[PDB]
């Protein structure tokens, strides 16, 4: 239902204006339709719902904007000059399906279009401006793209945990923290609560990358939908490479536990029903 509606919202954005380049629209939609867990938009919508706010088309637009930036980031991450994968979401990567130019531009479209999507909501305009500012912050030079540069620069280097945390909190952490913070902001919560939601999001965001690192070296192709073990060949700074699998599994499980405990704590202090968020977090757990 949420899943279906998120994809409807994205399809609507691309199919309700007069088309300029049919090939561009097709390339953008290819990557969207290839698959994806939709964790980021789902979390935004679940927090709104948990905070007792009926979901509207505007919430789905805000959620879609977040997913659009996430999708653009994947398309560029996969490119030959970056991680160079032939597969994403169980299908050919955008650049192998089409060509590199098309993939570069499809990613660019998603980044630029995302802010138009976000600006189409019926939220109060002060809310919208804050969401735009924060989404830029999470995504750009001081967020995801900054993290991506650090990830590429760390290849083959012996970095420490602080530096590994810096990569992971930025390349992945920021865009998983944003949906928690953004939902709280739309709910117009006070500063203390906005900080607690950002904290939960930052814990989930770092844990998600620890999880992604573990899966890179433990899972098969069918399970992850991308070529396994690229992190090893590329000499990426990762949790397993720095700390080992045993510690990485412990950190993932502890982090997920902590996020859940903070969520349950909130429900003692405000009108907040986190059961769906808790269910989603449970589905992220791994077994060695």
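Residue numbers count along the first chain shown, from 1.
Mean C-alpha B-factor is higher over 157-165 than over the other stretch, the pair under comparison being 157-165 and 204-212. In this entry, 238-246 shows the higher mean Cα temperature factor of the pair 238-246 and 63-71. For the set 105, 79, 127, 114, the PDB entry puts the maximum C-alpha B factor at 127. Remark: of 94, 148, 139, 192, 192 shows the highest value [criterion: C-alpha B-factor in the PDB entry]. Among the modelled residues of the chain, residue 43 sits in the middle third by CA temperature factor in this PDB entry.
Sorting the modelled residues of the chain by their CA temperature factor places residue 231 in the lowest third. Residue 83 sits in the lowest third of its chain by CA B factor, as recorded in the PDB entry. Sorting the modelled residues of the chain by their CA temperature factor places residue 187 in the highest third.
In the PDB entry, residue 29 places in the middle third of its chain by CA B-factor.
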